[PDB]
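Residue-level listing of the chains:
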Amino acid sequence: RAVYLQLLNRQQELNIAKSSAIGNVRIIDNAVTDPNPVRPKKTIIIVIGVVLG
Amino acid sequence: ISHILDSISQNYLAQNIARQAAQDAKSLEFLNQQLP
Amino acid sequence: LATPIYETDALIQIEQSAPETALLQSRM
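Draft legend 1. Representation of the overall build of chain B. A count of helices and strands for chain B gives 2 helices and 0 strands. Each principal axis of the C-alpha atoms in chain B carries an extent, and together these give about 50 × 15 × 5 Å. Taken over 36 residues, chain B has a buried fraction of 6%. With the model as given, the accessible surface of chain B reaches about 3,100 Å², and the carbon-plus-sulfur share is 60%.

Laid out in structure tokens, this is it:
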């Protein structure tokens, strides 16, 4: 009956670890959008146009 | 700028003191929530 | 006439240092 209580304790420890389960993923920074557009880059476009002309 | 950098350092240090005490924190909270 | 720009610094002891370098500049 001692092994019965030992298995009960191990099962409870597994219940705790399964319920908590801190995964390998901790979202440090949730997604945010930069208000300045990345394309098109107006200045380089105008410079390229002038140089090409 | 001195105050800002001091605040940054204090926040980092306090977070790491807290981050060190983290895995057990969630385990203990669930244990508190699981006591019959 | 240019506005002066001062520089402040600090020294932190780490008990690695690349993940901490990335985490310091995190938005959190």
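Draft legend 2. A look at the interface of chain C and chain B. If you look at the interface, chain C gives 9 residues, while chain B gives 6 residues. Between chain C and chain B the total buried area reaches about 670 Å² when both faces are included, carbon and sulfur atoms providing 75% of it. Our count for the contact surface shared by chain C and chain B stands at 0 salt bridges. In this assembly, chain C and chain B are joined by 1 residue pair in polar contact.

Draft legend 3. Seen up close, the side chain of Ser20(A). As for its position among the elements, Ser20(A) is in helix α1 (residues 2-20). Here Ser20(A) falls in the buried class, since its relative accessible area comes to 13%. Residues contacting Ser20(A), with those up to four places away along its chain left out, are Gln23(B), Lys26(B) and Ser27(B).

Draft legend 4. How the structure looks around unusual backbone geometry. The peptide bond linking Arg39(A) to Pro40(A) adopts the cis configuration, its omega dihedral lying at -5 degrees. The topology assignment puts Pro40(A) in the loop between α1 and α2 (42-52). At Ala21(A), a position not held by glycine, the phi torsion is positive, near 45 degrees. Secondary-structure assignment places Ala21(A) in the loop between α1 and α2. Despite not being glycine, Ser17(C) has its phi angle at roughly 70 degrees, a positive value. For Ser17(C), the location among the structural elements is in the segment before α1 (18-24). By relative accessible area, which is 41% here, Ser17(C) ends up partly exposed.

Draft legend 5. Examining the interface of chain A and chain B more closely. Listed per partner, the contact involves 5 residues of chain A and 7 residues of chain B. Across the chain A to chain B interface the summed buried area is about 610 Å²; carbon plus sulfur atoms make up 60%. Taken as a group, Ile16(A), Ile22(A) and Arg26(A) account for 69% of the area that chain A buries against chain B, more than any other trio of residues on that side. Counting every contact that joins chain A to chain B gives 0 salt bridges. Summed over the shared surface of chain A and chain B, the result is 0 residue pairs in polar contact. Looking at the side of chain A that touches chain B, its residues break down into 2 nonpolar, 2 polar and 1 charged.

Each value, and the rule that gives it
Residues numbered from 1 in each chain as written, not as in the entry; some residues may be left out. Chains lettered and ligands numbered in written order. Part of a larger assembly, values for the part shown. Heavy atoms only, no water. Helix = DSSP H or I, 4+ residues; strand = E, 2+ residues; numbered from the N terminus. Buried < 20%, exposed > 50% of the residue type's maximum accessible area, 1.4 Å probe, protein only. Areas by Shrake-Rupley, 256 points an atom, 1.4 Å probe, with all protein chains shown as cover. Contact = heavy atoms within 4.5 Å. Buried area = accessible area lost by both parts, 1.4 Å probe. Salt bridge = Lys/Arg side-chain N within 4 Å of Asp/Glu carboxyl O. Polar contact = N/O pair within 3.5 Å; in protein donor to acceptor, adjacent residues only side chain to side chain. Nonpolar A, V, L, I, M, F, W, Y, C, P; charged D, E, K, R; others polar.

Take it as geometry only, folks, not as evidence of what the structure does.
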